[PDB]
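In what follows, a structure is listed as C-alpha cells, so that the remarks can point back to it.
Chain naming here is simple, since letters A, B, ... match the order of the sequence lines and numbering starts at 1 in each.
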Amino acid sequence: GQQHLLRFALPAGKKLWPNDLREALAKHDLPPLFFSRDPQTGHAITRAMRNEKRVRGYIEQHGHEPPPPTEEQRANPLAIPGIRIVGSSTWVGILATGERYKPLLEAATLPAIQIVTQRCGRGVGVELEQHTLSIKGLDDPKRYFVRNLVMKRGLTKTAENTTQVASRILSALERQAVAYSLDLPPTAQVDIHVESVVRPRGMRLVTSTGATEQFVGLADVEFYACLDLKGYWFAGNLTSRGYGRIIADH
RNA sequence: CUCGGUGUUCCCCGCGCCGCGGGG
Ligand SMILES: [Mn+2]
C-alpha cells in the first residue's frame with residue numbers, strides 16, 4: 001500500500017533514460033528481486049496459480065502436483081513489479097511499491113547517486129516521496145496521460161486503437177486494485193475515454209541478454225476517467241522499466 | 001512535475017485451437 005520514490009532531477013542539458021539507469025544499476029551487485037527476477041527461480045517474476053483445473057493440467061504434464069509458491073510468488077501473486085525504474089525527460093528514479101521492497105531501494109540508493117552524478121555532472125536534485133496508493137471515484141472527468149505505454153501485441157495506428165488502449169488501461173487498474181485490496185468504482189462511473197493515442201510506433205525489445213527481433217507497440221496516451229488515482233499507477237507491459245506510467249494532468 | 005526508439009518473438013510462467021495473456 002505504501003510507495004517510496006527516490007527521484008533525481010536532471011540538469012537542463014542532460015538525458016538519463018530510465019533504461020539507462022536500470023542497465024547501469026545491473027553492474028552493482030544488487031539482489032535479483034531489484035530487477036524483478038525471482039531469486040528462487042532465477043527467472044522473471046511470474047503470476048501464481050490457484051485453480052483445481054490448473055492442478056489437474058499440471059499433474060497431466062509433470063506427473064506431480066504443483067510445488068508451493070516461492071516467497072515472491074506468495075507475496076506477489078499477480079506479478080506486479082515491486083521495484084520499477086521510472087522517469088521522464090527531466091528526471092529519473094526508483095519506485096518501491098510496498099514495504100517488502102523498500103530494502104531493495106535502500107541497497108540501490110548510493111549506486112543510483114553514483115550513476116546519476118557521474119552521467120549528469122553537477123546540479124542533480126534529489127527528492128524522496130512517500131505515497132499511499134488509493135483510488136476513489138469522482139463525479140466529473142479527470143484528465144490523465146500515460147507516458148510511453150507499451151503493448152506487446154495489439155496496438156494499431158488506426159482509429160479503433162483508442163478503444164483497445166482504453167481496455168488495456170481498465171485491465172491494468174483492475175489488476176492493481178485487486179493486488180493492493182482497493183475498491184474500483186463501477187465502470188459506468190469510471191467511464192474511461194481515451195481521447196488521443198499519440199504517435200503509435202514500434203520499439204525494439206531489448207533484454208539483458210541483448211537486442212531481439214521482436215518489436216512492441218509504444219504510444220503516448222491522453223485519457224479521461226472519473227477517478228482520482230493517488231500514488232503511481234501503471235498500464236501495459238514492461239512497467240519495471242518505467243513504461244506505461246499514468247500521470248495526472250495538473 | 002506526459003509525448004527518445006515507427007513496428008513482432010530471445011527467454012520464463014500460463015491459457016487456447018501456430019494464436020493470445022502475464023513477467024523481463
Ligand atoms: Mn463514456
Side-chain angles (χ1 to χ4, degrees), chain A residues 5 7-10 14-20 22-23 26 32-38 40-51 53-58 61-62 66-67 69-70 72-73 76-93 125 127 129 143-158 161 167-168 171-172 175-176 179 195-223 232 234-250:
Chain A
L5 176 67
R7 174 201 282 261
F8 300 100
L10 306 171
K14 297 290 176 148
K15 299 288 173 174
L16 181 57
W17 297 119
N19 284 311
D20 291 336
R22 186 176 178 92
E23 285 174 352
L33 194 55
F34 184 83
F35 304 94
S36 294
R37 297 177 67 264
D38 191 326
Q40 289 173 294
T41 68
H43 293 289
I45 63 172
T46 197
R47 286 212 262 241
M49 57 235 159
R50 80 169 166 100
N51 174 8
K53 155 221 190 62
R54 290 174 64 87
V55 174
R56 199 168 70 257
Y58 189 101
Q61 293 306 301
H62 300 100
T70 66
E72 177 69 8
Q73 287 167 357
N76 183 17
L78 292 169
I80 298 174
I83 290 294
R84 300 179 179 94
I85 310 302
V86 296
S88 77
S89 67
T90 68
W91 68 273
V92 73
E127 304 291 350
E129 300 176 13
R143 192 190 187 211
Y144 293 93
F145 308 109
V146 184
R147 177 185 181 280
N148 284 203
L149 177 71
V150 162
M151 291 163 60
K152 281 183 166 169
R153 301 190 184 98
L155 174 73
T156 63
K157 305 179 182 288
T158 46
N161 62 8
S167 299
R168 290 296 296 266
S171 173
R175 183 173 169 189
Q176 286 157 110
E195 170 83 3
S196 198
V197 177
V198 176
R199 300 193 304 115
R201 56 205 184 268
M203 178 181 75
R204 184 180 300 274
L205 180 88
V206 179
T207 65
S208 60
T209 63
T212 76
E213 290 304 294
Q214 188 186 359
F215 281 70
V216 299
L218 171 65
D220 300 301
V221 189
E222 175 184 351
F223 76 92
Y232 289 95
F234 295 78
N237 308 112
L238 294 183
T239 71
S240 72
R241 295 182 189 177
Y243 296 106
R245 184 167 55 89
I246 296 167
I247 299 162
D249 193 23
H250 302 298

Self-check item: Euclidean distance for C1', B:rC13 against B:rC3 (whole angstrom)
Solution: 33 Å

Quiz item: Has the side chain of A:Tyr243 got a donor or acceptor atom sitting under 3.5 Å from an opposite partner on the base of B:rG23?
Solution: no

Quiz item: Syn or anti for B:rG16, taking syn as within 90° of 0?
Solution: anti

Self-check item: B:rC18 versus B:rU8 - spacing of their P atoms, nearest Å
Solution: 14 Å

Quiz item: Just checking A:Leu205: base, sugar-phosphate only, or nothing, at a heavy-atom cut-off of under 4.0 Å?
Solution: base

Quiz item: Ring-on-base stacking between A:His250 and B:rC1, under 5.5 Å between centres and under 30° between planes: is it there?
Solution: yes

Quiz item: If you measure only the distance, is there a donor-acceptor pair under 3.5 Å linking the side chains of A:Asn51 and A:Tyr58?
Solution: no

Quiz item: Separation of A:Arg153 atom CZ from B:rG23 atom P, in whole Å?
Solution: 12 Å

Quiz item: Is A:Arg143 touching bases, backbone alone, or none of the nucleic acid, heavy atoms closer than 4.0 Å?
Solution: nothing

Practice problem: Classify the nucleic acid contact of A:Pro81 as base, sugar-phosphate or nothing, counting any heavy atom under 4.0 Å across all strands shown. | Solution: sugar-phosphate

Quiz item: Between B:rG23 atom P and A:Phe35 atom CZ, what is the distance in whole Å?
Solution: 18 Å

Quiz item: A:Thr239 near the nucleic acid: base, sugar-phosphate alone, or nothing, with a heavy-atom cut-off under 4.0 Å?
Solution: sugar-phosphate

Quiz prompt | Whole-Å gap separating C1' (B:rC13) and CZ (A:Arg54) | solution = 9 Å

Exercise. Indicate, with a heavy-atom threshold strictly under 4.0 Å, whether A:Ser171 touches base, sugar-phosphate, or nothing.
Key: nothing

Quiz item: Using a cut-off of 4.0 Å on non-hydrogen atoms, how would the nucleic acid contact of A:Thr207 be classed: base, sugar-phosphate, or nothing?
Solution: base

Quiz prompt | Nearest-Å distance once atom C1' is located in both B:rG14 and B:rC1 | solution = 38 Å

Self-check item: Nearest-Å distance for atom pair CZ/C1', residues A:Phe234 and B:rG24
Solution: 16 Å

Quiz item: Could one point to a donor on the side chain of A:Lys152 or the base of B:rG7 with an acceptor on the other under 3.5 Å away?
Solution: no

Practice problem: Classify the nucleic acid contact of A:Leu155 as base, sugar-phosphate or nothing, counting any heavy atom under 4.0 Å across all strands shown. | Solution: base

Quiz item: Got a donor-acceptor pair under 3.5 Å from the side chain of A:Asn237 to the base of B:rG22?
Solution: no

Quiz item: Under 5.5 Å between ring centres and under 30° between planes: true for A:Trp17 and the base of B:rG4?
Solution: yes

Quiz item: Going by modelled atom types, is there a donor-acceptor pair between the base of B:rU9 and the side chain of A:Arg204 at under 3.5 Å?
Solution: no

Quiz item: Looking across every strand, which nucleic acid part, if any, lies under 4.0 Å from A:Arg22 by heavy atom: base, sugar-phosphate, or nothing?
Solution: sugar-phosphate

Quiz item: If you measure only the distance, is there a donor-acceptor pair under 3.5 Å linking the side chains of A:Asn237 and A:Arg153?
Solution: no

Quiz prompt | Separation between the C1' atoms of B:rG16 and B:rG4, rounded to whole Å | solution = 37 Å

Exercise. Assess whether one donor atom and one acceptor atom, taken from the side chain of A:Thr46 and the base of B:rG22, lie less than 3.5 Å apart.
Key: yes

Quiz item: Would you call A:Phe145 stacked on B:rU2, i.e. ring centres under 5.5 Å apart with the planes less than 30° off parallel?
Solution: yes

Quiz prompt | No-H, no-angle donor-acceptor pair, A:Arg199 side chain to B:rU6 base, under 3.5 Å | solution = yes

